[PDB]
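J.: Residue numbers (PDB author numbering), protein chains in the order written: chain A, 1 to 288; chain B, 546 to 681; chain C, 61 to 120; chain D, 371 to 422; chain E, 366 to 456; chain F, 156 to 310; chain G, 1 to 58; chain H, 117 to 174.
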Amino acid sequence: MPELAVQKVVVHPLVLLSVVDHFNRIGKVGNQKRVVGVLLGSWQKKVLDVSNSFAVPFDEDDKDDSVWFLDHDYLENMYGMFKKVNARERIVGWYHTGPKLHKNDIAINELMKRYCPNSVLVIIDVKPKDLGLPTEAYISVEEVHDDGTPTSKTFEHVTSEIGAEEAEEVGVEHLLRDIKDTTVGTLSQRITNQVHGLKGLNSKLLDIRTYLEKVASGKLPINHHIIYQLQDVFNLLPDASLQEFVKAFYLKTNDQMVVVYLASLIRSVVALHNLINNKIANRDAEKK
Amino acid sequence: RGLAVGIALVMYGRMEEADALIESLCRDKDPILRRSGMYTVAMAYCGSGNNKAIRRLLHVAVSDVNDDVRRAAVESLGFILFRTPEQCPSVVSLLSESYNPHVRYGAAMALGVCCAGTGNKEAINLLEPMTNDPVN
Amino acid sequence: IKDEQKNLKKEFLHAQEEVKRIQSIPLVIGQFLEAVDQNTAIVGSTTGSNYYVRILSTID
Amino acid sequence: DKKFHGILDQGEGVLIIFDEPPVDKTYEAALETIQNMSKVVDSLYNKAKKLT
Amino acid sequence: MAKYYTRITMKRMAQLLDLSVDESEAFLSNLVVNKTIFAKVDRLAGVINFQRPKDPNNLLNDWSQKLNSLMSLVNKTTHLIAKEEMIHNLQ
Amino acid sequence: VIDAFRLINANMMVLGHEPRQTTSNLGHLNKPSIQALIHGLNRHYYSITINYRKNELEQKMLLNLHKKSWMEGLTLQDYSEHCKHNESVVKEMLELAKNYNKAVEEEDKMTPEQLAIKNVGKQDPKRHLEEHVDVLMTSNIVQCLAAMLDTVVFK
Amino acid sequence: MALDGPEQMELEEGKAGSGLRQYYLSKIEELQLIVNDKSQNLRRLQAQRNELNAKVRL
Amino acid sequence: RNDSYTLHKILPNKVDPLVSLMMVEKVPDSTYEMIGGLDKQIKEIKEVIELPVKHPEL
């Protein structure tokens with residue numbers, strides 16, 4: 001079966017909310033036993049728009065990760081209904097509720113591929129992963145590594161971003177009781193983003209180093225691409241130059257200051273003498 | 546609703562302990578929990594002048610716009626403020642200036658509860674344009 | 061009031077974004093016929109309907 | 371006249387052609403802006419007399 | 366040769382071509398006219414400069430471009446790393 | 156604009172009247188403009204209000220952005236692009252500078268809007284110059300902060 | 001205080017009593033004083049916030 | 117207000133077709149000075165037009 005019609009995967013805010021909400025609805029499982037559900041969305045496009053998700057009851061044990069239940073029958077019956085809603089809604093792939101992928105996920109993937117025409121395994125997390133994306137999208141690939149590993153079926157990442165639809169986007173604002181200090185439209189928002197940026201870089205940066213250690217000892221298989229990309233980052237380095245700002249901002253501001261002060265200087269004598277007569281008047285006026 | 550509103554009542558007369566409660570209730574899910582988080586500090590302090598409480602109620606309401614929290618926040622100030630009735634309009638005038646029925650709703654209420662006994666001229670006057678308005 | 065003013069700055073942007081949707085397309089083309097006021101104005105459209113319209117602050 | 375944008379070097383008796391364009395656009399305009407401000411601050415000084 | 370070496374001495378170019386300095390000078394005169402690659406050649410013998418304007422502008426734009434690509438690189442690499450990190454499913 | 160409604164019984168209207176649905180609940184009755192909508196409302200049903208349910212978790216999902224935005228701010232804005240902005244800012248400033256110069260001869264009076272008609276156009280020429288200085292300032296702020304910051308951290 | 005210039009002669013109700021009475025008062029008075037100066041700033045912040053709040057809310 | 121086609125206010129703008137007509141064709145206005153010195157000639161045009169419009173009584 002094809003996994004083809006993807007080069008990008010955008011995911012709606014609807015997708016995430018549906019999984020936390022659905023956890024209570026089914027059984028109040030709460031990621032005690034990981035859930036896999038259908039991932040619904042558009043087709044006949046290069047880009048993948050994941051419009052929607054619904055849960056399927058799938059419990060995978062915590063004794064063992066090779067045993068699971070996946071409710072097949074629900075998938076065929078839910079199929080006919082999707083057209084009643086809209087004819088752009090078809091089964092694109094499946095969702096994993098995290099916290100992480102498994103080797104076991106290849107086997108879960110073969111069953112789901114029969115239904116889909118463009119299966120993808122997108123891990124939508126029940127916990128939001130950081131302030132970054134709470135979603136990572138992956139696609140099943142047959143590849144060899146020059147680590148002395150013959151043919152494996154594994155998950156290589158494909159770029160994930162968050163998108164929205166015209167109907168949905170409006171609805172999100174109304175619902176929200178946050179105002180956004182992280183809007184990123186203007187200078188005020190932009191300065192916050194820079195502080196956070198540094199913190200983001202640090203969180204990402206640690207992982208890269210532990211991965212390098214694992215290969216060294218605490219043996220882990222080398223994904224060749226990762227090592228190739230790492231070395232590239234260090235070589236571009238140059239040193240800094242210039243950039244500065246003018247005295248001009250102040251000049252304008254001072255201009256405003258003169259105008260008021262001149263108006264004040266004529267007004268002063270008038271305003272200050274009169275005060276005593278009005279003051280007396282006020283106290284008596286107040287009583288009645 | 547019955548239980549969120551009850552937390553305030555049991556907590557009556559301990560004063561400072563209540564401070565802890567407003568923040569935690571707000572941290573919990575639904576808008577209902579957050580609402581009655583505003584009532585606890587106010588019931589507890591009951592006619593004692595406390596700086597910290599008024600600041601928090603005000604900041605929560607402005608910072609995060611939610612219908613339940615903004616109405617409840619304003620209403621609470623009238624109880625802390627109860628002991629001296631004249632001080633109250635000057636604080637409350639700023640919430641009345643904000644265009645939003647829920648914010649207006651508490652701002653009006655706050656003047657009635659505080660000024661209830663010994664009143665003041667200014668308090669009564671502020672209420673009248675809101676009465677006149679077509680927004681129910 | 062100090063922290064409040066900062067808060068209010070964030071609201072202006074939020075608001076600006078929301079309105080922006082309304083502001084864009086569907087957009088019809090008129091000719092600017094005449095001004096009744098500088099808050100509401102009269103503009104005449106190209107199917108012939110004359111309109112009493114509000115001026116949205118995002119221009120002069 | 372600057373009809374080739376070079377320089378004749380007498381101290382070797384060699385002619386040099388290089389990219390040495392007259393001025394640049396940000397700075398040239400800014401130079402005129404800083405000049406104008408000087409007249410404005412003066413005016414501000416006259417106005418300012420009245421306060422004292 | 367011209368595209369790789371920003372700067373070569375006239376003398377070094379002769380060793381590289383395996384033709385004298387005078388012969389190389391004449392070739393460059395013809396080359397620059399065809400406009401295959403721009404060069405500046407001196408008869409002083411100091412240097413032959415290829416693709417240099419002698420402005421700070423070049424260095425300022427070039428400096429920026431290297432830093433701009435780099436940020437982009439770190440954020441993409443970590444996505445794949447996240448897969449390796451999990452362990453006990455590779456090993 | 157979306158509304159929820161509930162049907163009202165024919166027997167209910169005569170005896171009870173439509174304000175009976177309003178009791179023991181929120182009781183907001185909606186007007187969705189005039190025309191057919193309002194007329195049809197009155198003859199048919201009682202309209203009742205909408206509240207939104209929310210949860211903290213639900214918010215948190217919405218607020219989330221991107222991993223990539225982390226580096227985005229950091230990014231060293233090209234000199235080239237900056238230079239385009241710098242050129243654009245000084246040229247508007249020069250044009251306005253003149254206006255500013257004539258403007259200061261007068262302006263002995265307060266009320267800044269009157270000064271705007273006098274100096275010609277909406278808003279004061281002092282304010283126009285500042286607006287441009289500020290736009291440049293924003294470009295500059297990302298570039299210079301970024302310029303040192305980038306070099307030190309990767310190094 | 002029933003004065004604040006120099007007068008009287010000591011007894012511990014004289015100049016010494018009056019002078020010490022003033023210092024006992026000064027800690028209380030200082031709070032009164034910082035706020036009267038504070039009022040000028042408060043209105044500045046008020047006018048600007050009222051215009052800004054009316055526009056964002058509008 | 118086209119929410120029922122119901123009358124909102126009466127408009128204080130009301131265009132006159134007579135003004136339009138005068139404009140589209142073009143007349144540059146003038147005065148008595150232009151011909152000035154043929155006194156009898158200006159005096160006659162005033163007789164016919166000015167007096168019976170302003171006061172019909174005459």
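A virtual CB, placed ideally from N, CA and C, is assigned to each residue, including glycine.
(1) Say the cut is 7 angstroms; is the CB of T151/A nearer than that to a heavy atom of the ligand NAP?
(2) Can you list, in chain order, the residues of the stretch 388-400 of chain D whose Cβ is nearer than 9 angstroms to any Cβ on chain E?
(3) Give the straight-line distance between the Cα atoms of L70/A and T177/F, rounded to the nearest whole angstrom.
(4) Let me know the secondary structure DSSP gives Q7/A once reduced to three states.
(5) The alpha helix (DSSP H) that contains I625/B, what's its start and end?
(6) With a cut-off of 8 angstroms, does the C-beta of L58/G fall near any C-beta of chain B?
(7) Compare the C-beta of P168/H against all C-beta atoms of chain C and say whether one is closer than 8 angstroms.
(8) Figure out for me which residue from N611/B, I669/B, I599/B and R572/B has the closest Cα to the Cα of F624/B.
(9) DSSP three-state label for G41/A, please.
(10) Find out if the Cβ-Cβ distance for the pair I446/E, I208/A is shorter than 8 angstroms.
(11) Given this structure, state the Cα-to-Cα distance separating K247/A from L249/F, to the nearest angstrom.
(12) Hey, does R114/C have any beta-carbon neighbour from chain A nearer than 8 angstroms?
(13) Going by C-alpha to C-alpha distance, which of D64/A, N24/A, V85/A and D65/A sits closest to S42/A?
(14) When DSSP labels each residue in this structure, what does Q456/E get in the three-state scheme?
(15) Answer with buried or exposed for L11/G, where buried requires no fewer than 16 other C-beta atoms within 10 angstroms of its C-beta.
(16) Can you tell which of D387/E, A391/E and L396/E has its C-alpha closest to the C-alpha of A367/E?
(17) What is the rounded straight-line gap between the Cα of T97/A and the Cα of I108/A?
(18) Return the chain-ordered list of same chain residues with a C-beta closer than 7 angstroms to the C-beta of residue 514/B, the five sequence neighbours on each side being excluded.
(19) Using a Cβ-Cβ cut-off of less than 7 angstroms, list which residues of the stretch 608-620 of chain B approach chain A; keep chain order.
(20) Cutting at 8 angstroms between CB atoms, please list the residues of its own chain near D612/B, excluding the five before and the five after it.
(21) In chain order, what residues of the same chain lie with their CB nearer than 6 angstroms to the CB of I158/H, ignoring the 5 residues before and after it?
(22) Give me the Cα-Cα distance between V680/B and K597/B, rounded to the nearest whole angstrom.
(23) In three-state terms, what does DSSP make of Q157/H?
(24) Can you tell me where the alpha helix (DSSP H) with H145/A in it begins and where it stops?
(25) Residues of the stretch 191-225 of chain F with a CB closer than 7 angstroms to any CB of chain E: list them in chain order, please.
(26) Over what stretch of residues does the alpha helix (DSSP H) that includes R81/C continue unbroken?
(27) Just checking: is the beta-carbon of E110/A within a distance shorter than 8 angstroms of some beta-carbon in chain E?
(28) Taking the alpha helix (DSSP H) that residue 290/A falls in, what are its first and last residues?
(29) What's the gap between the Cα of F392/E and the Cα of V158/A?
(30) Note down the Cα distance separating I205/F from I189/F, rounded to an integer number of angstroms.
(31) Buried or exposed for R161/F, going by 16 or more other Cβ atoms inside 10 Å?
(32) Would you call the stretch 143-161 of chain A and the stretch 7-26 of chain A touching, i.e. three or more CB-CB distances under 8 angstroms?
(33) May I have the straight-line CA-CA distance separating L251/A from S120/H, to the nearest angstrom?
(34) Which residues, in chain order, does the stretch 221-232 of chain A contribute to contact with chain E at a C-beta distance below 8 angstroms?
(35) Going by other Cβ atoms of all chains shown within 10 Å of its Cβ, with 16 needed for buried, is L39/A buried or exposed?
(36) Span of the beta strand (DSSP E) holding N110/C?
T.: In short, the structure shows the following:
(1) Among the components modelled here there is no ligand, and therefore nothing to report on the ligand NAP.
(2) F388, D389, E390, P391 and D394
(3) 48 angstroms
(4) coil
(5) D612 to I625
(6) yes
(7) no
(8) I599/B
(9) strand
(10) yes
(11) Taking the straight line joining both Cα atoms gives about 15 angstroms.
(12) no
(13) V85/A
(14) coil
(15) Exposed.
(16) Nearest option by C-alpha distance: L396/E.
(17) 13 angstroms
(18) Past the edges of chain B, shown from 546 to 681, lies residue 514/B, and the structure says nothing about it.
(19) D609, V610 and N611
(20) Excluding sequence neighbours, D612/B sits near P576 and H647.
(21) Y148
(22) 33 angstroms
(23) Residue state for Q157/H is assigned as helix, using DSSP reduced to three classes.
(24) Taken as a continuous stretch (DSSP letters only), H145/A belongs to no alpha helix (DSSP H), being part of the beta strand (DSSP E) at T135 to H145.
(25) Per Cβ criterion, the list reads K222, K223 and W225.
(26) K62 to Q83
(27) no
(28) Here chain A comprises residues numbered 1 to 288, so residue 290/A is not present and cannot be evaluated.
(29) Spanning the two alpha carbons is a distance of roughly 52 angstroms.
(30) Their Cα atoms are separated by approximately 20 angstroms.
(31) exposed
(32) yes
(33) About 55 angstroms.
(34) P221, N223, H225, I226, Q229, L230 and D232
(35) buried
(36) Counting along the chain, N110/C sits inside the beta strand (DSSP E) bounded by residues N110 to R114.
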